[PDB]
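Residue numbers (full-length UniProt numbering), protein chains in the order written: chain R, 2 to 61; chain Y, 2 to 25; chain V, 3 to 100; chain S, 129 to 240; chain P, 2 to 207; chain D, 2 to 156.
Ideal placement from N, C-alpha and C gives every residue a C-beta, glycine not left out.
See below for the structure under consideration.
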Amino acid sequence: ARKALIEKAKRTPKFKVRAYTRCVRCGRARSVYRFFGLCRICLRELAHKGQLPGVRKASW
Amino acid sequence: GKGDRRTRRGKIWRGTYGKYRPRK
Amino acid sequence: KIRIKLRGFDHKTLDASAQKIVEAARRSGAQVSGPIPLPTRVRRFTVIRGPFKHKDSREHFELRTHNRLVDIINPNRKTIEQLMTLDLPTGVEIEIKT
Amino acid sequence: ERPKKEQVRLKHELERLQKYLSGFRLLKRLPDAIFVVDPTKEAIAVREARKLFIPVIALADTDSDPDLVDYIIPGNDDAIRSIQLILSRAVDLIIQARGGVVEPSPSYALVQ
Amino acid sequence: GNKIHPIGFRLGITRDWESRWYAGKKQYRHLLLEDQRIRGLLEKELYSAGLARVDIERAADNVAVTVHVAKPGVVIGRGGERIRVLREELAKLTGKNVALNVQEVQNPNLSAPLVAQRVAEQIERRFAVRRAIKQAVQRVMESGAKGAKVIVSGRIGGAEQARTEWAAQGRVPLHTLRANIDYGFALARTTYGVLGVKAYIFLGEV
Amino acid sequence: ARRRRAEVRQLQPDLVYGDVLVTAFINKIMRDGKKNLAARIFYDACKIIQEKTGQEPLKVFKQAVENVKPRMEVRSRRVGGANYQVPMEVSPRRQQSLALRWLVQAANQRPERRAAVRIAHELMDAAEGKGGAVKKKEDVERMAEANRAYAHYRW
RNA sequence: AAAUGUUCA
RNA sequence: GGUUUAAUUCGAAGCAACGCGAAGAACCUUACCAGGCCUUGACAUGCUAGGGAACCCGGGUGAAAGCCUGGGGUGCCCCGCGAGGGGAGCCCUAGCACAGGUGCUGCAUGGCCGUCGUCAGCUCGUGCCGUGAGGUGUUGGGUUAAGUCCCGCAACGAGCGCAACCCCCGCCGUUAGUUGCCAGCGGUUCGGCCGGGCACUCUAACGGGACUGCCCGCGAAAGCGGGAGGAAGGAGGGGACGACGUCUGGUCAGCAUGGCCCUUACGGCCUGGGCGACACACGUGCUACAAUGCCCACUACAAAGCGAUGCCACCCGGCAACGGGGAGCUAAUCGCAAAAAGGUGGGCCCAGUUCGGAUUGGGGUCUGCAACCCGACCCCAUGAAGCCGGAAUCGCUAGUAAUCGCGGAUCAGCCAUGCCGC
Ligand SMILES: [Mg+2]
Ligand SMILES: [Mg+2]
Ligand SMILES: [Mg+2]
Ligand SMILES: [Mg+2]
Ligand SMILES: [Mg+2]
Ligand SMILES: [Mg+2]
Ligand SMILES: [Mg+2]
Ligand SMILES: [Mg+2]
Ligand SMILES: [Mg+2]
Ligand SMILES: [Mg+2]
Ligand SMILES: [Mg+2]
Ligand SMILES: [Mg+2]
Ligand SMILES: [Mg+2]
Ligand SMILES: [Mg+2]
Ligand SMILES: [Mg+2]
Ligand SMILES: [Mg+2]
Ligand SMILES: [Mg+2]
Ligand SMILES: [Mg+2]
Ligand SMILES: [Mg+2]
Ligand SMILES: [Mg+2]
Ligand SMILES: [Mg+2]
Ligand SMILES: [Mg+2]
Ligand SMILES: [Mg+2]
Ligand SMILES: [Mg+2]
Ligand SMILES: [Mg+2]
Ligand SMILES: [Mg+2]
Ligand SMILES: [Mg+2]
Ligand SMILES: [Mg+2]
Ligand SMILES: [Mg+2]
Ligand SMILES: [Mg+2]
Ligand SMILES: [Mg+2]
Ligand SMILES: [Mg+2]
Ligand SMILES: [Mg+2]
Ligand SMILES: [Mg+2]
Ligand SMILES: [Mg+2]
Ligand SMILES: [Mg+2]
Ligand SMILES: [Mg+2]
Ligand SMILES: [Mg+2]
Ligand SMILES: [Mg+2]
Ligand SMILES: [Zn+2]
């Protein structure tokens, strides 16, 4: 049950409480940062490619 | 007392305010 | 009068255009209190390195947003047609507050 | 400019090259003949030379394989006196066979 | 189980960003989505032209989009046309005016993304279970690199027992920040399954 | 410490009486980095040695520290499945280390309800003669004696 | 002067 | 873990599974169960033919889903008049080719991760040795955090590692003045607040500084010991960075992918339940057993972050949580703050207590359609076990341990005592 759900989420279908965040790259439900609209697996996958404007390895 | 809701410490800990820890 | 704030992820391309704007405004009269470096807002993300399950071991990330301030005390029509047209921003954004 | 860190790293390097090179740098496509003093002492040298079909001319003495030597100079291999004499005459012969000449190159060291 | 992306490890230094463009925590999130679906259609339609790196710049609310292809004739041709369509599709999926400039590669096999491909197609073309690799590296070196590396992983030759074959030649200090090593990932889809190809190319330094 | 010999941290002289000690002690009195409340307890400790004796704190202090520090002890040698106590002398550094430890240790053993009073009172008994700390010191003393037979092998 | 101290794809 | 259950979902399994995936389970999420419903389908690419077609609002039934039913429309094109007729999306029915699977296999895989191990190692080119597998180099002495370096040596060099190049912190400089300040005079509703000022502090940009450079001693050298100067030295303190490889390690439930399997269902929708069960076992933790303590009033000193259908000053009702009002703030300019431990005054007087707060009754607040299962707060009343913990066992070598509080991601809210940070 993926495709059915990835889209079931894109839609408004009643109330605002039933809506939820879910990765824009993979379907991932948990660990998606709202600033990127990405799950933490993708956030890293892309961060290493230099595809996320600004953003780089920490170190302090 | 950190777990005692009816106290200074108790409130601070829980992260709340009330009769026992007024919002200044 | 005419405060201009410019933000950027890259501190080089930022200070870059930051001066380019200054050197411009002066090049038309108008005094300009140099570009002052306002404090940076750092946004970090800490993610589990592994996709599955290895809670200890992660990789820190940060999106440092730089800020620069530039005031041109006494403007005029000349110090507008330049800083209202002549550009160069690609990874920098400026907000003009009069 | 080169970071002082490497300056030593490098100057410390040519020192061992200069120390383990200052001399063999005159080589240009192997030699036509090797001149060793103590064949037994420089066995390695002999082997290599002999392996490459190069003549071997050493001046060893009782305690070395004279069969590994193509042109022997049976005589003392230790005394500076003995070595110096033989090398001297050898080199004199060398120059004389090309072009003057004297005198007697500063060979004498201290002889005790 | 180790080694961090040679690219993301340099970014700030040595390497640059594949898509530079500031944004507000109110837009950024979105602006990102577009970039991704813009690189989406271009990864499939321009595959034929061997494209390596899709720079995306955003100025006064615009969209640069610079495709660095090994064959600019694939997106345009030997005359002048085609592309004219891609530009229309990039807007067809983005209600915006997106430019689209082609580019070339000094040397196609001096670019990791490209090298870890082309011949690494020879894998889907049922050939060179190894030499394909040794061949690539030679090409890279021959083209004046200071070191190169290629790694293939998977059911090599179609075997059952997965393996891992890598090149070996030239300098490739993955630990050096001032290195400037290029990196590209393949992915060979085969009847027997997926095979991943990694290419590393060491260029200049300091 | 495999590489080489530790290295002792030089403590900051006391603000009042000065002295490298007092701090060492105060440091042992302290817990949870909750100093001040600890340095105080020590100075507060005068009431009992000041007008309770009139001898001058520091001097008594240094006298207890000396009477409660051991000169020998037992350890434990790793013999083949034997493990004996074995005598062995005591380092000047351990003497002080141990002396100050037991002092505070024995101090918080006493029945007085107030900390400032527990110490000092313990410093006083210790000052000369009895004291829970001195007793502890007098026992580590016994061991080294009760096992003078296993001294034949000292590491 | 380690009292002993077994087994397992 | 196990045991229950209609379901209690699935994975993880010594270290390297067990506050792990889960950086947010009331419905959503969910993959599970029961019951009611839909089937070219919640969606992708297209083809045939009747027709209809952008769209928007109702009625019936029902828990919702669903099923049934009734209201209304041509910018494009032909000059063809228009009411005859073709057409574009696009919407519908019916049929076709297909969609979907969180169904299986990590023992077919990619990718990413863990781990030995930040251990100092792992190799190559030519030369030499051995019939050969291989050896040497890289065995040895000294030295180092280190295959770091030095000296030796049939080896002479080189590569992947170590180190350095990158970030943070320590001292200083230049550039820069809506943060800073009588630092200097001025005026002050005595708030840098007003003129005024860049000196301090600070914000931030690229520069300086350190290296055993210097002195003394030991040494063949590398280096070791010590001293001066210096903010800082002998890697100054932390990060980032983890070699050839090992674990048929981990993940087909992030994703991708070969093969196997289900296609009026092993796909899809909905309401309700469940993942929160409880005789038991274990792991990580929180709060404690108290006087170096506790409680109350007052009074100080941070850092790093986060904020527009957001943070919410300041008022007012309420004892509270909150509620009404309501300024500022696109935030070095407003506020979430106030830090806590500390300091000062008072209270408790060694007791299962003014230690400890479990548990339970009751009364409220707030988010959300909704808090029975199953939320978080507030208030009254309860007030439990615990006064120090067996065999065993874990963490830490310094601004560390210990202790004190603050922030953030996720997020309507929150079961966070977790996690990443200050
Ligand atoms: Mg939610
Ligand atoms: Mg209490
Ligand atoms: Mg943990
Ligand atoms: Mg048996
Ligand atoms: Mg389970
Ligand atoms: Mg499974
Ligand atoms: Mg669900
Ligand atoms: Mg549910
Ligand atoms: Mg449900
Ligand atoms: Mg499976
Ligand atoms: Mg597996
Ligand atoms: Mg495996
Ligand atoms: Mg794998
Ligand atoms: Mg190391
Ligand atoms: Mg043999
Ligand atoms: Mg041979
Ligand atoms: Mg070999
Ligand atoms: Mg060899
Ligand atoms: Mg070897
Ligand atoms: Mg090395
Ligand atoms: Mg050697
Ligand atoms: Mg300064
Ligand atoms: Mg400064
Ligand atoms: Mg390194
Ligand atoms: Mg498994
Ligand atoms: Mg899968
Ligand atoms: Mg439920
Ligand atoms: Mg659970
Ligand atoms: Mg329950
Ligand atoms: Mg605790
Ligand atoms: Mg009130
Ligand atoms: Mg008091
Ligand atoms: Mg509930
Ligand atoms: Mg009670
Ligand atoms: Mg009891
Ligand atoms: Mg008691
Ligand atoms: Mg350590
Ligand atoms: Mg929250
Ligand atoms: Mg609960
Ligand atoms: Zn994702």
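In this structure the segment 203-222 of chain S does not lie against the segment 23-36 of chain R, because fewer than three pairs of beta carbons, one per stretch, are closer than 8 Å. Of all residues in the segment 19-33 of chain P, the ones placed with a Cβ closer than 9 Å to any Cβ belonging to chain V are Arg21, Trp22, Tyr23, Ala24, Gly25, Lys26 and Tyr29, in chain order.
Straight through space, the alpha carbons of P/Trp18 and P/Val173 are spaced by roughly 21 Å. Listed by position along chain V, the residues whose Cβ is nearer than 7 Å to that of P/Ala60 are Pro91 and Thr92.
Counting only runs of 4+ residues, the alpha helix (DSSP H) found wholly inside the segment 25-57 of chain R occupies 41-50, in chain order. For P/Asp183, the enclosing beta strand (DSSP E) has its first and last residue at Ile182 to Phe186. R/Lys4 is outside the set of residues whose beta carbon lies under 8 Å from a beta carbon in chain P. V/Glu64 and V/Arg46 have their C-alpha atoms roughly 4 Å apart.
Nearest to P/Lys147 by alpha-carbon distance, out of P/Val68, P/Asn98, P/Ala180 and P/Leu33, is P/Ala180. Not flagged as an interface residue toward chain P: V/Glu25, since no C-beta distance is shorter than 8 Å. Membership of V/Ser35 in the beta strand (DSSP E) is indicated by the continuous run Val34 to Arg43. Taking CB atoms only, R/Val25 has a neighbour in chain P less than 8 Å away. Listed along the chain, the chain P residues whose CB falls inside 7 Å of the CB of R/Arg57 are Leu12 and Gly13.
Judged by DSSP in its simplified three-state form, D/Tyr151 adopts helix. P/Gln37 has a beta carbon lying within less than 8 Å of a beta carbon in chain R. Following the DSSP letters along the chain, one finds P/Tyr201 inside the beta strand (DSSP E) bounded by residues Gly194 to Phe203. Contact annotation: the segment 78-86 of chain D does not touch the segment 43-62 of chain D, with fewer than three C-beta pairs closer than 8 Å. Relative to V/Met86, the option among V/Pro37, V/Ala27, V/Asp73 and V/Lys57 whose CA is nearest is V/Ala27.
Counting other Cβ atoms within 10 Å of its Cβ, P/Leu91 reaches 16 or more and is therefore classed as buried.
For the UniProt domain "KH type-2" (39-107) of chain P, the set of positions with a beta-carbon nearer than 8 Å to some beta-carbon of chain R reads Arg40 in chain order.
The beta carbon of V/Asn76 lies closer than 8 Å to those of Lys3, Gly31, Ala32 and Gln33 in the same chain, with the five residues before and after it left out. Here D/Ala116 has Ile42 as same chain residues with Cβ atoms under 7 Å from its own Cβ, once five neighbours each way along the sequence are excluded. Contact between the segment 158-174 of chain P and the segment 82-101 of chain P is not established, with fewer than three Cβ pairs separated by less than 8 Å. Using a CB distance cut-off of 8 Å, P/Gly9 counts as an interface residue toward chain R. Sequence-distant partners of D/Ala121 (beyond 5 residues in either direction) whose C-beta falls short of 7 Å from its own C-beta, in its chain, are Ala46, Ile49 and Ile50.
Between the beta-carbon of D/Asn109 and that of D/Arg119 there is about 6 Å, and that keeps the pair under the 8 Å contact cut. Legend: CB atoms of the segment 49-76 of chain V lying less than 8 Å from CB atoms of chain R belong to residues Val49, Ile50, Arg51, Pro53, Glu61, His62, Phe63, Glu64, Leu65, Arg66 and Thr67. Annotation for P/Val116: the continuous alpha helix (DSSP H) segment containing it runs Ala113 to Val116.
A direct Cα-Cα distance of roughly 28 Å separates S/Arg209 from S/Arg178. Under DSSP, P/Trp167 forms a beta bridge with P/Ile152. DSSP lists P/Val195 as the bridge partner or partners of P/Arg190.
Look at R/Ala20: its C-beta is not under 8 Å from any C-beta on chain P. At least one C-beta of chain P is nearer than 8 Å to the C-beta of R/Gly51.
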